[PDB]
Structure formats: structure tokens, C-alpha cells
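Cβ: placed from backbone, ideal geometry, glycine included. Neighbour counts: every protein chain shown. Taken together, the values in this text are just the output of simple stated rules run on the coordinates, not laboratory data.
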Amino acid sequence: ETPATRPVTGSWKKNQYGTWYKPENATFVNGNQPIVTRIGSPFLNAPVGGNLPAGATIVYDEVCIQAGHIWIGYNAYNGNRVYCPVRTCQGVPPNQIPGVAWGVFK
């Protein structure tokens, strides 16, 4: 597995890649802009899965922080780990600074 072994940061925890994540099951309703989604990894340098249409409702199970962005981790029908950037984050938690969301989080 390789996550953070010690009880750290509570909600957020850092994985082996140095990506901060948290398991959170929510619905992300994309706003008025299509978002570039990634697969496997939450990076701008990660393989692109496609663009998420504006107004698409995503059910995600994870939120990650990497590449100055906050990402949502969900799976596609092919089993792809799709990461959609949902907002920016200046720095890494616990002192994270999340920018405006590109949608809603239900």
C-alpha cells in the first residue's frame, strides 16, 4: 500500500507519491467550463483521459492535492483512475490554500 504510517493530518493523508489525498465520496458538479481529466495519477503531466464536459456530475471517492491543484479521484467504467482538477491549492496541507472551485461538491 504505502501511505502515511503515523496518524497525521486527520482527513488528509499523504500517499507514497507524495500526493495528499483523502477518501471522500461526493458529487462534483462541474461548472461552466470543461475540465481536463487525467488517468492513474493526479498530475498535469499525467496521461489525459479526456475532457470532462461542463455540467457533468462526477461521483468521486477521493480528493487529492498535487501540481498546485486539487483533484478528485474517481474511476471510469474501464477501471481507469480518473483525476479531475477541481480547484487550485497553494501549497500542501494541513495548511493548504484551496482556490475557487470549478464546480460544486455535494
Quiz item: Among the residues of the range 82-106, which ones are assigned to a strand (DSSP E or B) and of a type in the set (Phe, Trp, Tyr)?
Solution: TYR83, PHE105
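Output the residues belonging to the range 57-79 that are surrounded by 16 or more Cβ atoms within 10 Å (Cβ to Cβ) and more than 17 Å from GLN96 (Cβ to Cβ). Break it down into steps so the answer makes sense when it comes.
Within the range 57-79, the first condition is being surrounded by 16 or more Cβ atoms within 10 Å (Cβ to Cβ), and the residues that meet it are 58, 60, 62-67, 69-74.
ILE58, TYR60, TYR74 - these are the residues of the range 57-79 that are surrounded by 16 or more Cβ atoms within 10 Å (Cβ to Cβ) and more than 17 Å from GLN96 (Cβ to Cβ).
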Practice problem: Please go through the range 24-49 and pick out each residue that is touching a residue at least 24 places away in the same chain (Cβ under 8 Å), farther than 17 Å from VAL104 by Cα and not hydroxyl-bearing (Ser, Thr, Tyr). | Solution: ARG38, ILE39, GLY40, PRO42, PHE43, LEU44, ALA46, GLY49
Quiz item: Filter the range 39-50 for residues that are under 18 Å from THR88 (Cβ atoms) and loosely packed, with under 15 Cβ neighbours inside 10 Å; which is farthest from the chain's Cα centre (by Cα)?
Solution: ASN45
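Given the structure, is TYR83 surrounded by 16 or more Cβ atoms within 10 Å (Cβ to Cβ), under 9 Å from the mean Cα position of the chain (by Cα) and free of Cβ contacts under 8 Å to residues at least 24 places away in the same chain?
Working: surrounded by 16 or more Cβ atoms within 10 Å (Cβ to Cβ): yes; under 9 Å from the mean Cα position of the chain (by Cα): yes; free of Cβ contacts under 8 Å to residues at least 24 places away in the same chain: no.
Spelling it out, it is not the case that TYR83 is surrounded by 16 or more Cβ atoms within 10 Å (Cβ to Cβ), under 9 Å from the mean Cα position of the chain (by Cα) and free of Cβ contacts under 8 Å to residues at least 24 places away in the same chain.
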Quiz item: Can you tell me how many residues in the range 59-80 are assigned to a strand (DSSP E or B) and free of Cβ contacts under 8 Å to residues at least 40 places away in the same chain?
Solution: 8
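Of everything in the range 12-38 that's in a strand (DSSP E or B), among the hydrophobic types (A, V, I, L, M, F, W, C) and touching a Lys or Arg at 6+ places or on another chain (Cβ under 6 Å), which residue is surrounded by the fewest Cβ atoms within 10 Å (Cβ to Cβ)?
First pass over the range 12-38, keeping only residues in a strand (DSSP E or B): 13-14, 20-30, 35-38.
Restricting the remaining residues to those that are among the hydrophobic types (A, V, I, L, M, F, W, C) gives 20, 26, 28-29, 35-36.
Adding the requirement that they be touching a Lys or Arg at 6+ places or on another chain (Cβ under 6 Å) leaves 20, 26.
Numbers: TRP20: 23, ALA26: 16.
Top of the filtered list is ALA26.
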